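A.B. asks: The structure that follows is given in the form of structure tokens.
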Amino acid sequence: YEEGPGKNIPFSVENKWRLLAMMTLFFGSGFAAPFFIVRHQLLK
Amino acid sequence: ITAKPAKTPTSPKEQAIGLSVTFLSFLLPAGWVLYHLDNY
Amino acid sequence: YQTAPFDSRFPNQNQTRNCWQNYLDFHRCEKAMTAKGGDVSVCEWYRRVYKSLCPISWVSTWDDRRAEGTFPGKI
Amino acid sequence: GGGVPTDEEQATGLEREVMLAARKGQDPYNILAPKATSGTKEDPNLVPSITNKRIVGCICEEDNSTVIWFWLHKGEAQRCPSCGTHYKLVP
Amino acid sequence: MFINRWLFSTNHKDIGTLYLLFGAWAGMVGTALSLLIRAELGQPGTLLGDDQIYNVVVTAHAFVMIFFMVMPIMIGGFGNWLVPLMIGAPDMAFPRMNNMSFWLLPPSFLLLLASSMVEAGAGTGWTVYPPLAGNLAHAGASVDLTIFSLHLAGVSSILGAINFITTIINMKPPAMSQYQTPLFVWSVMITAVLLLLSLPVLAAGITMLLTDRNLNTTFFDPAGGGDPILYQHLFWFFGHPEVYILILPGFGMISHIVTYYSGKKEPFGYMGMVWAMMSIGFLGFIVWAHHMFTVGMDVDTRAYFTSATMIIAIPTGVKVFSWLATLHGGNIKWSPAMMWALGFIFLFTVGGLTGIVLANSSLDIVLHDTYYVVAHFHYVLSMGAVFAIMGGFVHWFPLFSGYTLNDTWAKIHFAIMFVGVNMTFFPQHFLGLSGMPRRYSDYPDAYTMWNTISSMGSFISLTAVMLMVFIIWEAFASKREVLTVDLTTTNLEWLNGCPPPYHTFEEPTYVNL
Amino acid sequence: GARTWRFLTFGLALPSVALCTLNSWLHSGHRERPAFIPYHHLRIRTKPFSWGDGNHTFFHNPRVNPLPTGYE
Amino acid sequence: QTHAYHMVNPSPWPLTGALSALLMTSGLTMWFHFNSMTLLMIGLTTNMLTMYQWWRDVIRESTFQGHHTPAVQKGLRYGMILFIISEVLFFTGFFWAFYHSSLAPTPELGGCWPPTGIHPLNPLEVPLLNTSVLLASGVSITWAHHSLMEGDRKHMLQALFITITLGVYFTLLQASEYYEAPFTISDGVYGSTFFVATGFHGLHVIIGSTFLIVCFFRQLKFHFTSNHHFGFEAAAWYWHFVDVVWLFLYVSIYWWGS
Amino acid sequence: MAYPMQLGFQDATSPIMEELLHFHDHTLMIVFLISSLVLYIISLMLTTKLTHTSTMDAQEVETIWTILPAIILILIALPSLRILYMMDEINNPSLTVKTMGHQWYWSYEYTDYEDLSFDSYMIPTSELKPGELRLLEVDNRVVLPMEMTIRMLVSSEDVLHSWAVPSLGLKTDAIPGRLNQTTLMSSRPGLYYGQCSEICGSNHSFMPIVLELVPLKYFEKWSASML
Amino acid sequence: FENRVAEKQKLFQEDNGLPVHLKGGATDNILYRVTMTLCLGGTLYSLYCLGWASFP
Ligand code: HEA
Ligand code: HEA
Ligand SMILES: CCCCC/C=C\C/C=C/C/C=C\C/C=C\CCCC(=O)O[C@H](COC(=O)CCCCCCCCCCCCCCCCC)COP(=O)(O)OCCN
Ligand SMILES: CCCCCC/C=C\CCCCCCCCCC(=O)O[C@H](COC(=O)CCCCCCCCCCCCCCC)COP(=O)(O)OC[C@@H](O)CO
Ligand SMILES: CCCCCCCCCCO[C@@H]1O[C@H](CO)[C@@H](O[C@H]2O[C@H](CO)[C@@H](O)[C@H](O)[C@H]2O)[C@H](O)[C@H]1O
Ligand SMILES: CCCCCCCCCCO[C@@H]1O[C@H](CO)[C@@H](O[C@H]2O[C@H](CO)[C@@H](O)[C@H](O)[C@H]2O)[C@H](O)[C@H]1O
Ligand code: CUA
Ligand SMILES: [O-][O-]
Ligand SMILES: [Cu+2]
Ligand code: NA
Ligand SMILES: [Xe]
Ligand SMILES: [Xe]
Ligand SMILES: [Xe]
Ligand SMILES: [Zn+2]
């Protein structure tokens, strides 16, 4: 296996802009989920 | 701690883009839901 | 008679058994007095106490079960 | 009434290596705590290694709760930075 | 290779990394839930709906913050990364069972999110009391999905506890006694013993709730001779130990951070710190009914639970004073991690003291099921457990990643979060003393000012959470590689470099007697 | 030793099981079932069972287990 | 490596186990609420496949590859002791529920224990026989252990076969007593406590019997040495745990609770 | 009831609530002092360039840090437990009233003499009379005699509720199948408000309690008129 | 039965780079594939069941 900084993680840090997108989707999806569940409960 | 200088420095402009994108990723989806509560 | 006095058998916050015991005591006394055609007036103290302490719905449920033959206490 | 194998007959792999080394009073897999020498420059603690450096933890005085950790390198004896106890790598 | 490494791991560091990513994601869920609470309460009236949607949000907030954020980060994340390194062990005792502790959590979380999506959700409180949580007042699948979520989280933590206790007892260097292991390692061993003993009692109680809901048992149903109060005893017999489980690994990280940034080789009064954590763990099993002072128990029982609960202040005070005595004489480095730790010492002390107020059953009559309790537990959780997590994250991020954070950004982050959590929770003391109940979607008009200020505080905390994500991005974006770390002689976890190799201690440490 | 624990197995433990087997054997056979009384604390039905018609317990014995409405 | 510990090959069984737990729980939900057993039957199948392959691999690692040094064996000893402790506390919850209900019988019961309309089993009939059976099996497993330490293959196999036969006898007697019982799980808190507590105990008897049968086949295949046989020790400790829980159930529920 | 910008407890209406105020004042002084001392000592540890980083002996100082807290806890526990046992003391009530919690309203039963019972529901916000309090008023108040020892028995006919009146120092859980007792004695006439204090579903926020404390003779006539 | 443990020790110590869960041969791969297919397929089915149960 690859060893060293940026290699001991399940996500790539090779490109900071691809990383920003991946982090945006990751943290953003967790923060968004409760709002969309509330929307779901209100729409029944 | 000591550390090397950045291998891929993040300029003030690059930091403004990352901070802006980060904040929008939290604020736009929640803002869309809360704006539309009456509709729901 | 104003209300049910303090009873050293039931000194704590949970008064469930106080209501239950007085309802049983009234109905046992009433059965004992009616069997001989004795006088149910001697049972009056237990009647006043259970009426003071017991929720209306508990009394109503217990009375229904005595009529149905499903009351689980011994009378 | 027999028919159960012994460790001598059937132990294999690392289990067998440990078993055979212990018969010879040897500890290649570091099961035992090594006993200190006087730790002087003349009589250093001898630290076996399969490479050219190994981490030492020094309990400088009996019942210290603090362990002092450092890399010991092949070459001249090094000293514990807290108590000055001498350690020498034996690769 | 990727599947073998990240789905089939037997490596304590990669499993720790999985737990930290899981806990970080859970923290965003729990933050969104916290903002929905404060949005509902931030002006008088109704925003979302009645108490059912409101208490689904409150219930999910608590389960996510406790079971998916704090426990996975402190025990799964810091514990897996640090415990083997701090004892020179080559991995955990049960490296494959360790991976199952991790992989039970995504399914547990999926069952919780399903609970909120089906029917009207589980609006029960995180305590899940019957009969509100029973099959009449919460008909349908929501509460059963919540119970199964708890079952999987509980199996995860029980097997993890077996792993940590075995690792810590059996895999130290042969010369190292239990009294030569670092305080963080003690904090994890004691937390693991609490998990091992408490979670099975929760398992029994929620299983009884499941059979009352689905198999016509009546453990908690008076119609069958059951008792709702029995559920409360079984829940809280777990629930009091659980709050010690939430703070003990924090106490361990605080000891390491205060020692490190004071320039000390060791914490003040090591054996007193061990004694204090074992005393808190023991006393934590004999106090549960301080959650039940209004249920109608006997006066002598109330007297006992008041007295036993107050005893916890003695060992806890020894820890607070020993942290202060560790700072004493230090070469203080005002790192971001040190700021988190100093905030912890003060704000944990405030929340512990409002806990001693609540321990008084007579006063608890008026404070129970009010915002005074909410203020107490958010001082110890949202400013104690969370400040220990943030201090440990900024202290050990360079070890885990091999990269540095921007210390100026991390100090800004601390300052915003410090203002936000205090603005959120300080005014809740006033709301509790003046009688605002828990689990309300709306309040009498008199309570408006403090609810307004509290909600404004919650938005400042949101800004801090958003900035933290940016700060992690900026570290990985810039790639400042670690060179030298000070005090490696008394911090073994740093001695294999940053990050350490996949396999460490293939050759064990040499420690003589 | 093994010899002693075999002595205890065959000399004490299995004889005990044989005697208790005899005891149970001699006390087997059906007792007369009691009058059905629709007590509200028994035959609980807050939700139908997930098998059969929803009203039969999992190891329902028609001879000794009445339904809420009485014996079958 | 120059330590004695086991670096385990990367494994899929933790993930298959975790997903089997999702399928079993979502399956129970689908059975209780959506009238369907399909997810549950997939989850039970993947759970059994996971257990089979995981413990197969532990046997490969130990008997066939030699990774179970004394240090590894000592870890497994602690793990099994800790697991048993967690199981004790799980049963403690059910005993608490039992004592809570029976020491303070509510008016709905008639304010007595046993409740009005409950006819308990005679503790001197099949329950006493079950007690003799599990105690006898504690003696036979001890014979099996000493036979194995003394290197006696035939007597180990005979004693372990007797132990398993008694575990099966207990299970068949309990199944019959469930069918014959005039009270059910729906007979208030008496039925609730009786069936859930004895039912979890019965599940543990089946688990422990299965573990003994695994030991019986491993013994037939010569896996155990006279000094190295942790799977047998662990099965024996588990089996004593099952015995002891039974004695507490017998005294508490069947005798004192009658 | 609470008033805007309130910091502390509602003014005491009962002697036991008076006792709780004085006990809280004593406990809060201790909370303030210990919080303050910890903050001050943090600031003292952090404001000197002088250093001492060698090993420090712990045992002498640990005596002070265990004994002084033990003494403080005893000084809290003594008055705490005096009040606990005072509330539990035998008082001889003049009147017994029952309250039953329901989703989402309270019923009251006054059955010492006659069969008096009624339901007590929140006044909807749209039906409040001018000057009335949002979420706090009820249609039918719990009329009680002032300056008299009253036994309140609390239960539920569905889920958990909790019957609370902060200004009287009262909070008793409402548990189905259980009859919990507390005692109520008002030093004053007036209107005393509380709110359901156990999560009970959709309208937990909207099932308040209003006590109306009046002279015995008014209570007797009201009782007669409510049959 | 005869003691064939030595033959299994040789098989499971063969220097073929296989992880222990596949080192028995082609039957291990089949049972692995069945197990992972039921797990992943079952998980997709559990998600479908949530979708269905999330609406009236
Ligand atoms: C990390 C989590 C955590 C921790 C560590 C604690 C710690 C304490 N808790 Fe808390 N608590 C909660 C989380 C926590 N709590 C939660 C979540 C609830 C609500 C549950 C629910 O209903 O949902 C709760 C509820 C709760 C109640 C129930 C209140 C009610 O519902 O009416 C009580 C009652 O006694 C209590 C007390 C205490 C006490 C005495 C401590 C002690 O351990 C504190 C000890 C610390 C100190 C005292 C400070 C430091 C000491 C000194 C500086 C020495 C000198 C001090 C003195 C002399 C006093 N807490
Ligand atoms: C750990 C536990 C925890 C934490 C941290 C919090 C945090 C917060 N809580 Fe809560 N809360 C509870 C546990 C917690 N809570 C519990 C147990 C209840 C009772 C439930 C019930 O009544 O049944 C509760 C109830 C509760 C109520 C009462 C609801 C009611 O009675 O009606 C309110 C009201 O304002 C509230 C608000 C908040 C807010 C605004 C935050 C904010 O401070 C949160 C801000 C965000 C953070 C603190 C960041 C979190 C993320 C991380 C730390 C991730 C880190 C990432 C890396 C390390 C990479 N919560
Ligand atoms: C020889 C006895 C062996 C027992 C085997 C029997 C059935 C399979 C399940 C066994 C597991 C044990 C306990 C689960 C709960 C209840 C079953 C109790 C034992 C039993 O079998 O009880 C029966 C009822 O079963 C019923 O409802 C059947 C209900 C079937 C579904 C069970 C639901 C599972 C519950 C979830 C378990 C959660 C696990 C928690 C793990 C903790 C993780 C932290 C009794 O029959 P009856 O007709 O009512 O009375 C007899 C009248 N002649
Ligand atoms: C119908 C019922 C279905 C329900 C599912 C559960 C059913 C059955 C599970 C039965 C348990 C079987 C366990 C088999 C373990 C086989 C592997 C084994 O025993 O492995 C041994 C190690 O022990 C070890 O891992 C010890 C491993 C111990 C595991 C024991 C776990 C008990 C599991 C209970 C799980 C569910 C309980 C939950 C109930 C609420 C191997 O070392 P040795 O023996 O020294 O051999 C080496 C020598 O040959 C060298 O000379
Ligand atoms: C607790 C976390 C949330 C905190 C508050 C978040 C702050 C809000 C961020 C912006 O959110 C957006 O706001 C827009 C309005 O400003 C919305 O557009 C809406 O309103 C516009 C103006 O009327 C229209 O043009 C758009 O079509 C319409 O979608 C848009 O959907 C929404 O994403
Ligand atoms: C490896 C991949 C994993 C495999 C995934 C397999 C998915 C296939 C599931 C089959 O779907 C079934 O559909 C049935 C009907 O269409 C349902 O019957 C149930 O629902 C019916 C309602 O029509 C009723 O007859 C009964 O409740 C009952 O038969 C049953 O619940 C459901 O499972
Ligand atoms: Cu009734 Cu809350
Ligand atoms: O829980 O305090
Ligand atoms: Cu507690
Ligand atoms: Na609102
Ligand atoms: Xe959970
Ligand atoms: Xe659990
Ligand atoms: Xe205090
Ligand atoms: Zn030294």
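The numbers used for chain D are those of Swiss-Prot, and the residues that appear cover 34-124, in sequence.
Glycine residues also receive a Cβ, built from the backbone N, Cα and C atoms like all the rest.
Pulled these features from Swiss-Prot for this protein:
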type	residues	note
BINDING	D:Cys91, D:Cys93, D:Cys113, D:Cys116	Zn(2+) binding site
MOD_RES	D:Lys68	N6-acetyllysine
MOD_RES	D:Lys86	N6-acetyllysine
MOD_RES	D:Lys121	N6-acetyllysine
A.B. asks: What does DSSP call D:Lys68 (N6-acetyllysine) in the simple three-state scheme?
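C.D. replies: Looking at the DSSP assignment, D:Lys68 (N6-acetyllysine) belongs to neither helix nor strand, so coil.
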A.B. asks: Under 8 Å Cβ-Cβ from D:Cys113 (Zn(2+) binding site), six or more apart in the same chain: what's there?
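C.D. replies: Counting only residues 6 or more apart in sequence, the Cβ neighbours of D:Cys113 (Zn(2+) binding site) under 8 Å are D:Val89, D:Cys91, D:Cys93, D:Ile101, D:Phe103, D:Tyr120.
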A.B. asks: Excluding D:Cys91, D:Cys93, D:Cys113, D:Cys116 themselves, which residues in that chain have a Cβ inside 8 Å of the centre of the Cβ atoms defining the Zn(2+) site?
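C.D. replies: So the extra residues in range turn out to be D:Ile92, D:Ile101, D:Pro114, D:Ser115, D:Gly117, D:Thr118.
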A.B. asks: Restricting the comparison to the recorded positions D:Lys68, D:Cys116, D:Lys121, which residue's C-alpha is spatially nearest the C-alpha of D:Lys86 (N6-acetyllysine)?
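C.D. replies: Result: the closest of the recorded positions to D:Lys86 (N6-acetyllysine) is D:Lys121.
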A.B. asks: Pop the Cα-Cα gap between D:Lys68 (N6-acetyllysine) and D:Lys121 (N6-acetyllysine) into the table, whole Å please.
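C.D. replies: Given the Cα positions, D:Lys121 (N6-acetyllysine) is 14 Å from D:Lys68 (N6-acetyllysine).
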A.B. asks: Cβ atoms within 10 Å, counted per site: which of D:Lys68, D:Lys86, D:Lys121 has the most, among these modified residues?
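C.D. replies: The residue with the most neighbouring Cβ atoms within 10 Å is D:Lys121.
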A.B. asks: Using DSSP, would you call D:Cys116 (Zn(2+) binding site) helix, strand or coil?
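C.D. replies: In three-state terms, D:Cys116 (Zn(2+) binding site) counts as coil.
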A.B. asks: For D:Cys116 (Zn(2+) binding site), which residues of its chain lie six or more apart in sequence with Cβ-Cβ distance below 8 Å?
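C.D. replies: Within the chain, D:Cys116 (Zn(2+) binding site) has Cβ neighbours under 8 Å at D:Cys91, D:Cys93, D:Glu94, D:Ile101.
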A.B. asks: Can you tell which of D:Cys91, D:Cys93 has the least company, meaning the fewest other C-beta atoms within 10 angstroms of its C-beta, among these binding-site residues?
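C.D. replies: Across D:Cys91, D:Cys93, these binding-site residues, the one with fewest Cβ atoms within 10 Å is D:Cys93.
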A.B. asks: What subset of the recorded positions D:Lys68, D:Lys86, D:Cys93, D:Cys113, D:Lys121 has a Cβ sitting under 8 Å from a Cβ of chain E?
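C.D. replies: Listed recorded positions meeting the cut-off: D:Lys68.
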A.B. asks: In terms of DSSP three-state secondary structure, what is the assignment for D:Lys86 (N6-acetyllysine)?
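C.D. replies: SS state of D:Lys86 (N6-acetyllysine) = strand.
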A.B. asks: Could you say whether, by DSSP, D:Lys121 (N6-acetyllysine) belongs to a helix, a strand or a coil region?
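C.D. replies: Assignment for D:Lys121 (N6-acetyllysine) reads strand.
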A.B. asks: Hey, which of our recorded positions D:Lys68, D:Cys91, D:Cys93, D:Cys113, D:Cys116, D:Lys121 end up with a Cβ under 8 Å from chain H?
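C.D. replies: Nothing passes the 8 Å Cβ test.
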